Structures are given as structure tokens and as C-alpha cells.
Amino acid sequence: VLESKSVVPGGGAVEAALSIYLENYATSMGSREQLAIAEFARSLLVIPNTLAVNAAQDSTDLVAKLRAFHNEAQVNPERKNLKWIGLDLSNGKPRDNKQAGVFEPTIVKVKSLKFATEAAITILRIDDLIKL
Amino acid sequence: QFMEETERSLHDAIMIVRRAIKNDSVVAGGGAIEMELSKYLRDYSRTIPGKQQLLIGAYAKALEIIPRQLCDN
């Protein structure tokens, strides 16, 4: 909070937005990378999964409940009935920022984003483990 | 061995020309609507879910496989 004034509102309500946010932009590409915008937006919802999982919850109820929250898209403690905001741990459903619903500071994503972005690619490149 | 494939065009056309007669309401052939529907449906995968965006997403995509097969075959 001290260093980051900009901070990400919402823990998992971003996941569904960030899912559909790109899943919106997914079809815009057409062809193959319309998929590059999808599994990307698919791979997000494990965060609601694992939090549902580790809370003994089920995101299939939670993370799907997530994606139903929108006018078009945003994660905001304006109206969570019509939009996304926040999250729980013990549950894992959208909640508000002053309420329960989770946060991030601004920075962490792009790192973990690009990290996971780079994580998948490079070991892919190699098909030959073999030896001299 | 080339002759069979020819008249099935004649036989198919009649059937579907008659089919165009029987139900005059006619859409685009060749699975045109599915992708739209596939969108239109998993559009509910945004709209539907407490859960079944999965089901609505999984429902939406299976449409496309018939012409995608036709695409892929």
C-alpha cells in the first residue's frame, strides 16, 4: 500500500473479467491466435480453482459465478451484482474491496504474467534431450 | 468408377430442393450459424454461469466440429 498507490482491486473477479476481457478480444483476431487469447484467458481460472480447492470449495460454482458478473467488463466495487470485484479465500467468490474481496498491488502481475508467459514457451522449444 | 458420385448430386439436389420446397424457411447451409451460435451460446457461458459456463461453453463448441470436420476432412 505504501509503495503501490495503484493496486489491483479484486482477487478472482479479475480472473473472470481477464478471462472474458480477452475472450472478448479473442474473436477479434480470428484464425489461430483467437485461440492464443482463449487458453490464456482459460488458464486464469485455476486461481479461483486452487483457492476454491484449497478452501475446500469448488470454483466451478465460484469461477463460473465470477464470469456472470459484468455489464460489459470491469472489476470494481461499484456494483458486484452487475460487475466484478474482489474474492474470498475461505470461499473464493467475488466480494468487495472494503468488504472481503481481495486485492493486488499494481506490479505483481506483469512479472508473473510475463513469467508464466515465458515459462510455457521455452522448454517447449526443445524437443531433443539427448546425449553425445 | 466415376459415375456413382455424379447422380448423387442429382439425387441429393432433388431431396434438398424438395427440402427447400417442404420448409421454405431456409438458412445458410454449411454450418454457418454454429460459430455464431457457438459464440451466441458460450456468450451465456458468460451469462449463464454460477456453474455451467462449462456446460454452455462445452455445448457451444461441439456445434463447430461438423463443418470443422468438413473443413478438416
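Throughout, residue numbers begin from 1 within each chain and advance along the sequence as written. They need not agree with those in the entry, and any residue without coordinates is left out. Lettering for chains starts from A, numbering for ligands starts from 1, and both go in the order in which the items are written. For clarity, the chains displayed are a part of a larger assembly, and the values are limited to that part. Side-chain numbers here rest on the full set of heavy atoms in the structure, without hydrogens or water.

Structure determination for this PDB entry is given in the record as cryo-EM, at a resolution of 8.3 Å.

### Here's the deal with the overall build of chain B
Quick reminder of the rule: Put simply, DSSP H or I for four residues or longer makes a helix, DSSP E for two residues or longer makes a strand, and each gets a number counted from the N terminus. Any residue under 20% of the maximum accessible area for its type is buried, any over 50% is exposed, and the rest in between are partly exposed; the area is computed with a 1.4 Å probe on protein chains only. Computed by Shrake-Rupley with a 1.4 Å probe, the accessible areas treat only the displayed protein chains as cover when residues are assessed.
The number of helices and strands found in chain B is four helices and zero strands. Order of helices (α) and strands (β) in chain B, N terminus to C terminus: α-α-α-α. Taken along its principal axes, the extent of the C-alpha atoms in chain B is 55 × 30 × 15 Å. Considering chain B as a whole, with its 73 residues, one finds that 16% of them fall into the buried category. As presented, chain B carries roughly 5800 Å² of accessible surface, and 63% of it is formed by carbon and sulfur atoms.

### Comments concerning a nonpolar patch on the surface
Quick note on the threshold: Patch membership is restricted to residues that have no salt bridge and whose relative accessible area is over 30%. Joining uses 9 Å for like charges and 5 Å for the nonpolar side chains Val, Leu, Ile, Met, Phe, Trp and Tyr. Whenever a carboxyl oxygen of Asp or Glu lies within 4 Å of a side-chain nitrogen of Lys or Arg, that contact is scored as a salt bridge.
Taken together, the side chains of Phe40, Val110 and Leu113 of chain A present a nonpolar region at the surface, about 260 Å² in accessible area. By secondary structure assignment, the location of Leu113 of chain A is in helix α6 (residues 108–125).

### Describing unusual backbone geometry
Residue and element names in this part refer to chain A. One non-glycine residue, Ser31, lies in the positive phi region at around 50°. Exposure remark for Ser31: the relative accessible area of 75% places this residue in the exposed category. Backbone geometry at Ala56 places phi at a positive 60°, although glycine is not the residue there. Within the fold, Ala56 resides in the loop between α4 (46–54) and α5 (59–67).

### Observations regarding the packing of helix α2 (residues 32–47) of chain B against helix α3 (residues 53–62) of chain B
Residue and element names in this part refer to chain B. Put simply, the rule reads: What counts as an axis is a line fitted to C-alpha atoms, over the stretch in contact for a helix, and the angles between N-to-C directions run from 0 to 180 degrees. Roughly parallel means an angle under 35 degrees; roughly antiparallel, over 145; roughly perpendicular, 65 to 115; everything else is oblique. Residue contacts are counted whenever heavy atoms from the two residues lie within 4.5 Å of one another. Three classes are used, and their members are as follows: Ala, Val, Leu, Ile, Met, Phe, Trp, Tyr, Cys and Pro are nonpolar, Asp, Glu, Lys and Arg are charged, and the others, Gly among them, are polar.
Interhelical geometry of α2 versus α3 gives an angle of 175° and a closest axis separation of 7 Å. For the element pair α2 / α3, the angle class is roughly antiparallel. Judged by residue contacts, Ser38, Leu41, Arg42, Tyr44 and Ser45 of α2 engage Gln53, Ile56, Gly57, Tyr59, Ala60 and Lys61 from α3. The class makeup of the residues in the contact of α2 with α3 is five nonpolar, four polar and two charged.

### Some words on the interface of chain A and chain B
Using the following cut-off: In this description, buried area is defined as the sum, over both parts, of the accessible area (probe of 1.4 Å) that is lost when the two are combined. Under the rule applied, a polar contact is a pair of N or O atoms within 3.5 Å (in protein, one hydrogen donor and one hydrogen acceptor; residues adjacent in sequence only if both atoms are side-chain atoms).
Of the residues lining the interface, 14 residues belong to chain A; the matching set on chain B comes to nine residues. With both chains or domains summed, chain A and chain B bury close to 820 Å², and 43% of this area falls on carbon and sulfur atoms. The interface formed by chain A and chain B contains one salt bridge. Linking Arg46 of chain B and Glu72 of chain A is a salt bridge whose minimum nitrogen-to-oxygen distance equals 3.7 Å. At the junction of chain A and chain B, the tally comes to seven residue pairs in polar contact.

### Side note on the pattern of salt bridges
All names here are of chain A. Scanning all chains against the criterion turns up 11 salt bridges over all chains. In this structure, the salt-bridge partner of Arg79 is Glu78, at a minimum N-O distance of 3.1 Å. Look at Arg79 and you get partly exposed, because its relative accessible area is 33%. Among the charged side chains, a network of salt bridges with common partners joins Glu23, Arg42 and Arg67.

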